[PDB]
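# A closer look at the structure
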Amino acid sequence: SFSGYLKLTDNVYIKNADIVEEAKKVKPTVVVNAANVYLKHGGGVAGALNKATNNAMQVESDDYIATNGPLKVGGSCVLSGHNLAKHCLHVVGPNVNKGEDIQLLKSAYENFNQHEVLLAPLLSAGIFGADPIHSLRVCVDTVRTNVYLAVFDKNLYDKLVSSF
Ligand SMILES: O=C(O)C[C@H](NC(=O)c1cnc2[nH]ccc2c1)c1ccc(Br)cc1
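Rules behind the numbers
- Residues numbered from 1 in each chain as written, not as in the entry; some residues may be left out.
- Heavy atoms only, no water.
- Near = heavy atom within 4 Å.
- Polar contact = N/O pair within 3.5 Å; in protein donor to acceptor, adjacent residues only side chain to side chain.
- Areas by Shrake-Rupley, 256 points an atom, 1.4 Å probe, with all protein chains shown as cover.
- Helix = DSSP H or I, 4+ residues; strand = E, 2+ residues; numbered from the N terminus.
- Nonpolar A, V, L, I, M, F, W, Y, C, P; charged D, E, K, R; others polar.
- Buried < 20%, exposed > 50% of the residue type's maximum accessible area, 1.4 Å probe, protein only.
- Pairing = 2+ DSSP bridges.
- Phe/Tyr/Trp six-rings, centres within 6.5 Å; stacked < 30°, edge-to-face > 60°.
- Salt bridge = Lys/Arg side-chain N within 4 Å of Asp/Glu carboxyl O.

What the entry reports as its method is X-ray crystallography, with 1.25 Å given for the resolution.

Labelled according to the PDB entry, the protein appears under the name Non-structural protein 3, originating from Severe acute respiratory syndrome coronavirus 2. According to its PDB record, this entry is titled "Crystal structure of SARS-CoV-2 NSP3 Macrodomain in complex with ASAP-0000670-001".

Surveying the vicinity of the ligand reveals the residues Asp-18, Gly-44, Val-45, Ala-48, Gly-126, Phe-152, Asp-153 and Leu-156. Here an oxygen atom of the ligand and a backbone polar atom of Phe-152 are 3.1 Å apart. Taking 530 Å² as the accessible area of the ligand by itself, protein coverage stands at 72%. Sorting elements by how many residues they give to the shell around the ligand places helix α2 (residues 44–52) first, with 3 residues. The residue inventory of the shell around the ligand, partitioned by class, reads 4 nonpolar, 2 polar and 2 charged.

In this fold, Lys-159 is placed in helix α6 (residues 154–163). A C-alpha to C-alpha distance of 32 Å links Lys-159 and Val-78, two positions 81 residues apart in sequence.

Okay, the pairing of strand β7 (residues 146–151) next. The element β7 is largely enclosed, with a buried count of 5 among its 6 residues. Here strand β2 (residues 12–16) runs beside β7; their pairing, made up of 5 bridges, is parallel. By the bridge assignment for β7, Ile-14 is matched with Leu-149. Across 4 bridges, strand β6 (residues 117–120) lies against β7 in parallel orientation. Opposite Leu-118, over in β7, you have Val-147 as the bridge partner.

What follows is about the packing of aromatic side chains. Enumeration according to the criterion identifies 5 aromatic pairs in this entry. Seen from their ring centres, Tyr-5 and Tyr-148 are 5.0 Å apart, and the 85° between their planes marks the pair as edge-to-face. Placement of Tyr-5 in the segment before β1 (6–7) and of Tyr-148 in strand β7 is noted, with a sequence separation of 143 residues between them. The class for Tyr-5 is buried, based on a relative accessible area of 14%. Residue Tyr-148 is classed as buried on the basis of its relative accessible area, which comes to 16%.

Taken as a whole and assessed by the stated rule, the structure comprises 3 salt bridges. The closest approach of N and O atoms between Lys-15 and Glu-22, which form a salt bridge, is 3.1 Å. Neither residue differs from the other here; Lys-15 and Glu-22 are each classed as buried. Among the salt bridges present, the one from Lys-154 reaches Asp-158, with a minimum N-O distance of 2.9 Å. Of the two residues, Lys-154 and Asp-158 both sit in helix α6, 4 residues apart, roughly one turn of that helix.

Next comes the structure, spelled out in structure tokens:
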């Protein structure tokens, strides 16, 4: 049910789209959230996904952290997708603005390999401070499952396609 995606490789597809609107339309099995270790969904992709669930994602995440403690940078957990998807794979890419190791980006993308098909953003991009061109390269060289990337910014989308 994904449509209008540009094929980059055998298993990586990309589209200039708002990931919230794309999730509401497609209702995929898995939507990836650009999470932090605390599952505090304040801004960026995480804030936008949580707002679309009417804060139900935050309530569920706070119960998860109270039981399990924080995730690792490069780690993930599977929670409900609420009204946006069957499941949400919360994945923690390194946040370069908070001083985290960029080599953990490959570990973060490895979490996608546990799911046959996913709707996802580029990890560690945007407010996480990493170079999105680097993030797309690690994605294509690490994920073997079918990933549909939603890039919110039109100008960044055009730069990613032109330089791929
Ligand atoms: O989409 C991405 O590639 C990641 C990131 N997106 C958001 O922060 C983001 C924020 N608010 C949102 N409301 C609905 C979707 C949505 C996404 C981003 C990165 C670089 C630039 Br320039 C712009 C946006």
